[PDB]
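Read through the structure below, which is laid out as structure tokens, and then see the notes.
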Protein chains: 2
Amino acid sequence: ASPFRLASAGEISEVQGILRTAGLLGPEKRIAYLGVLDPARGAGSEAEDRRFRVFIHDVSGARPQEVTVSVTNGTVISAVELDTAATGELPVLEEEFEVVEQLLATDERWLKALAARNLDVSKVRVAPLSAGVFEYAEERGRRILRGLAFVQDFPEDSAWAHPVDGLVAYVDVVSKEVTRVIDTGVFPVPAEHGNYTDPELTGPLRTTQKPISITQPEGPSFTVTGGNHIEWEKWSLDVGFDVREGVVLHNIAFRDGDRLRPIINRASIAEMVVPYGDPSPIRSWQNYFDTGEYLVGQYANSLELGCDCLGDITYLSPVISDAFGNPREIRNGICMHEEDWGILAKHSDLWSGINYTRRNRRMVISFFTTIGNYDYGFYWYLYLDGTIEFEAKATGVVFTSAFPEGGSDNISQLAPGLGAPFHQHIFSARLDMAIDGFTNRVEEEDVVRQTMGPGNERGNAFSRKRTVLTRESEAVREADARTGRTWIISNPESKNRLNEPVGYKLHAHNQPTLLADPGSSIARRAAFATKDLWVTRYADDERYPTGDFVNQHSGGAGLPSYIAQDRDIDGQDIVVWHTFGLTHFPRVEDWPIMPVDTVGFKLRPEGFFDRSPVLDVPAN
Amino acid sequence: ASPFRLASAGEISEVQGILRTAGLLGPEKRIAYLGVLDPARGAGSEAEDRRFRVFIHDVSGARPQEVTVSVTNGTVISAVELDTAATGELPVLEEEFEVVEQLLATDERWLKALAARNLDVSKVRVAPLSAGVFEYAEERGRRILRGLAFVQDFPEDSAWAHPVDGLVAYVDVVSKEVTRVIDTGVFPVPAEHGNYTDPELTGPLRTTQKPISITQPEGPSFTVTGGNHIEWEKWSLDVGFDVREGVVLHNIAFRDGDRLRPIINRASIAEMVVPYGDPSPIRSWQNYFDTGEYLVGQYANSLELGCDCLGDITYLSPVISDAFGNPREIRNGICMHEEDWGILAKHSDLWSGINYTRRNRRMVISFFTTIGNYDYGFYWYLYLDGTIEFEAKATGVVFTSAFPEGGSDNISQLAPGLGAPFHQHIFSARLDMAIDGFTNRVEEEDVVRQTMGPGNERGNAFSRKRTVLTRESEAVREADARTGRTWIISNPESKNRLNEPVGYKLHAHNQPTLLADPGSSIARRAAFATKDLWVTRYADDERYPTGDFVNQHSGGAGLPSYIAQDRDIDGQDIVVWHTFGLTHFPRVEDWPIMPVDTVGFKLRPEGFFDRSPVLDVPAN
Ligand SMILES: O=CCc1ccccc1
Ligand SMILES: O=CCc1ccccc1
Ligand SMILES: [Cu+2]
Ligand SMILES: [Cu+2]
Ligand code: NA
Ligand code: NA
Ligand code: NA
Ligand code: NA
């Protein structure tokens, strides 16, 4: 009955039938994106209308289309032809991954470059990399991928250990033309293998690890109803799944006595970008938006009990569309479980004689995605004390190059002749806030140092200041770790028992933002990544910080266009966009497969409750 | 046999006998500190000599003494009389906690102040707070404590809910004189109770939490030999305990193939300070050094299985001295266990078809201490991949005041009439480094942004720079989150297979350092806390960042005095001192007992290994 339920196989099959009957899904068509639309604001009309948004690619060169369909009524709501030179290309199709390698294998320039290196074409894998927008006028309005080559010595070899540097090609995947092959010189192909399951490399496996057994003999503390509605330790929320964003959290609320109090209306990772800092023309164009260009949800892993998720696990298996509109289940794509989280509160009092200890726990909602060499785990955490936390776990295989003789200021050496270019991993969290309702505002809070003098004669005082962000043009903010800068989202019309507005405080990790020159192509296309915090006024069509069509879009779409409207955000329906990321100088220990590194953010209640919300937790 | 073994009851009883026979432990004497000395550098002589350092207080006014004794030989090595006006007072004695309240209860000025407030003297608890050094010339060379009052309505009442503001007293605990009583005006005593075990405040306890069972059916993966030597998943270390510092880690090393490779010679939290930012004369002197003034190890809790430590726990029960030289066991004062820590590494490869997942785990060594209203957990973590992490968990009850009518820039309101002054919690980690041996150096690493132009035509390049710290005068460093600043400790004489110096990278949380005016008394006494990182040349007697006698010391001791020697630290035996802390603006949710908040730091290998060190972890 819930409008926030996961898409079903039957819904997707109906979408397929509707599109087919409307003449929109002929043999030349491919679905590049399909997802359910959220209910519009003011859905208190009980009018169930399940709508789906579809991007339809055409492999014959005809214009792609954006289509909205109602599965409830069986109708096409709207269908628009896209001019991709203007608004951007559609996301990369899984079936195009192989097309780049296949087209290059018959190109005489490519074969000549491989022949000079004595590389057998049958052993050469080509990574299908997004193109961006640079100096090549012939690419405007064409669907381009760029290819970088890696050697596989045998079918189970890790090709990443064998980059073919000095060589890059550009391909038009619709007309099936290789537009350019650039060969800047012969680099030795690094010869050491990177096969992390080869006993020669691992040595004998440890026999010293004894099992850790995590069980719940009475089952878990959370309940799941209607497929995707979670209730856990006063929390309530709906777990959604979208092929672009992955796991999406809806209607996060906390039951405080008799009242269900909303906190966040929608939480998602709405974009991520990996920019490379190597100035070599072989890679200086390389910036991939895993979310906006490739769609991280379609590459979600099936998670194995005992390996990926340990404990008493409840799974969800989301359904997505394939390129022809058939429903495809991602079996066990989402893990949900609770975890012990150490001490919650503790005090032994010298005067009352009372000794008190309580344990903490968290609810975990997670999925793992794989796009080429990189793998990421996305983790949402809910804690007993009202804290909400997100954490990204980055692992997989670092993207490699040759390591030049005489060194490099922009590449680290991992193995003889093997390099790893510097890069960043930058995420955008989109938090459609609803602190006790939709009337919200953001304050920036800084520590204030005070000078010794009158009223502060011993020079010990310090304070803080809060600055209300009142319009979008002043709501683009940067971090300041040295002044302890945080941001508070509050509801000025909802007060705690001390007559102060209820609020939540956002704690950032204060990692560096986008390092590229502000005049660069990537700074224009990933403008969101140049600042730590953006606040916009909610609007139905403002979904992604980069715009709807990221692939080969020339720049400026998304957040910089939204905030130009300079809307009132002081006590309004607002959305917080938080940029956070890792800056990766690869280390030898990252090779041949990288141990997890993490980054994230958290929100803690700030006068939201009238006292500690975990006084009613029992003593274990 | 190990020189790093925990002190035994028999050793402490021998110390007592030696001191007694030497005439040093008469009825007027109290042991204020007793601890075992670490072996001197170059202990490869196998000459076992267990030495103990003792601070001896005299309750009759005679000069205190510092004494070093050899329990192996049964001799006093040295005994020095202390001039406390010059070098500082001895740490606070547990038995002085009650003396402040008892002395005030017979002082006519104190009784007059309580009578005006209609407070029964039998219900008034007095916190025994360290005095610091301010404007009062009569305090120099006297042992002073300052008292702040709290009402207990009944024996099990939380007195912290009932601060008596506007009133402070100073007491000489040796001459037993109340030197000053300051009454700045009547504030209402806040009336709401803060009894977090009262059903009226908690409401009915949750019945929704189902058990989480963590067991190890084959026992834990670590071994303990010689009482305190740990081996776990290639890690080796000794767990020490000192009454001032608490848990101390010695000889941290990692078995890399056939070689035991040292990493850290000694790791400890060598000081912590809690400065208050309230300019009221009632509290503007308030700064307590829990480690240096009160000794956090003597207040370690006995940790309960299933409540404080969950899982298959191995306990240590350290032995300390009481004030008369009798050994006292802290039963179950240290928890040790391993914990699952999620995914270690994961990759599903599109070209090789290999799907690979490994799980992480960490070894946990922890203790919990309670000093008055505050409780802290100290956690050391060792991870499979070579990471070392420290985390402090702060909980307990916030220190309270009245909340003034008309508000405050330096106090937050927690309940009607009840305030909580702003403050910080700042720690100093002392890391006596031994990266592959004692020839170490520190580099500061900053991200380097590059301008678009020749050699960087697309404006994407970024780099990093490393600055070697060569002498102590240039080794006082501050954080810079915006440039991704970290510090690398390396061994220039020990190289990995790529011919690069092996190293470890220190990752700070980049929280604000000491906020007080640089001209203040606390900035002089806690100078370590004004900067994020200090590097000194190792010396036997340079143990604490604040000096040996912190209580009522006038300032400048410790790190600022050490670095004035301007010693060579480029490829030498060096010690890293890292300042890190929390800045606490108390929130309503911190009351009446505070949920845990955390802060810490970590060190990750940086080309220490020749590849990932966890390739030999099995597949679970
Ligand atoms: O993460 C997207 C870039 C990519 C895609 C496929 C193979 C290698 C790299
Ligand atoms: O943490 C040391 C300060 C303190 C000591 C005893 C009671 C309250 C506060
Ligand atoms: Cu990376
Ligand atoms: Cu605090
Ligand atoms: Na355009
Ligand atoms: Na909103
Ligand atoms: Na002095
Ligand atoms: Na050292």
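Residue numbering: from 1, along the chain as shown.
Determination method: X-ray crystallography, 1.8 Å.
Yeah, the Cβs are placed from backbone N, Cα and C, and that goes for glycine too.
If you look up Swiss-Prot, you'll see A:288-299, A:371-376 marked as substrate binding site, on the strength of similarity to another entry. Residues annotated as active site, proton acceptor in Swiss-Prot: A:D290. Feature annotation from Swiss-Prot assigns disulfide bond to A:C309-A:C335. As annotated by Swiss-Prot, active site, schiff-base intermediate with substrate applies to A:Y374. Positions annotated as 2',4',5'-topaquinone by Swiss-Prot: A:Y374. The Cu cation binding site annotation in Swiss-Prot covers A:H423, A:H425, A:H584.
Taking the mean position of the Cβ atoms of A:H423, A:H425, A:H584 as the Cu cation site, the remaining residues of that chain whose Cβ falls within 8 Å of it are A:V274, A:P275, A:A394, A:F422, A:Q424, A:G581, A:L582, A:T583. DSSP assigns A:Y294 (substrate binding site) to a helical segment in the three-state reduction. Note: the CA-CA distance between A:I371 (substrate binding site) and A:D290 (active site, proton acceptor) rounds to 7 Å. Contact annotation for recorded positions (A:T291, A:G297, A:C309, A:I371, A:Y374, A:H584) versus ligand 3: A:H584, each with CB under 6 Å from a ligand atom. When Cβ atoms from all protein chains are considered, those within 10 Å of A:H584 (Cu cation binding site) total 21, not counting its own. The Cα atom of A:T291 (substrate binding site) lies nearest to that of A:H425, taking the recorded positions A:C309, A:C335, A:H423, A:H425, A:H584 as the candidates. The two recorded residues, A:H425 (Cu cation binding site) and A:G297 (substrate binding site), show a Cα separation of 17 Å.
Cβ neighbour count for A:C309 (disulfide bond) (all protein chains, 10 Å cutoff from its Cβ): 22. Its Cβ taken as reference, A:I371 (substrate binding site) is surrounded by 21 other Cβ atoms within 10 Å in the chains shown. A simple way to gauge crowding: the CB of A:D290 (active site, proton acceptor) has 23 other CB atoms within 10 angstroms, across all the protein chains here.
Long-range neighbours of A:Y294 (substrate binding site) (same chain, six or more residues apart, CB within less than 8 Å of its CB): A:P91, A:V92, A:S130, A:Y288, A:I371. Residue pair A:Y374 (substrate binding site) / A:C309 (disulfide bond) shows a Cα separation of 19 Å.
With A:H423 (Cu cation binding site) as the anchor, the candidate recorded positions are A:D290, A:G297, A:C309, A:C335, and the one with the nearest CA is A:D290. The separation of A:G297 (substrate binding site) from A:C335 (disulfide bond), Cα to Cα, is 14 Å.
You'll find the Cα of A:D290 (active site, proton acceptor) roughly 24 Å from the Cα of A:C309 (disulfide bond). Sequence-distant contacts of A:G297 (substrate binding site), defined as residues of its own chain at least six apart whose C-beta falls under 8 angstroms from its C-beta, comprise A:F241, A:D242, A:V243, A:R244, A:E245, A:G246, A:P318, A:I320, A:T369.
Only A:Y288, A:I371, of the recorded positions A:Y288, A:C335, A:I371, A:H425, place a Cβ under 6 Å from an atom of ligand 1. In this structure, A:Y374 is the one among the binding-site residues A:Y288, A:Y374 with the smallest number of other Cβ atoms inside 10 Å of its Cβ. Taking the Cβ of A:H423 (Cu cation binding site) as centre and 10 Å as the limit, one finds 27 other Cβ atoms among all the protein chains shown. The CA atom of A:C309 (disulfide bond) is located 27 Å away from the CA atom of A:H584 (Cu cation binding site).
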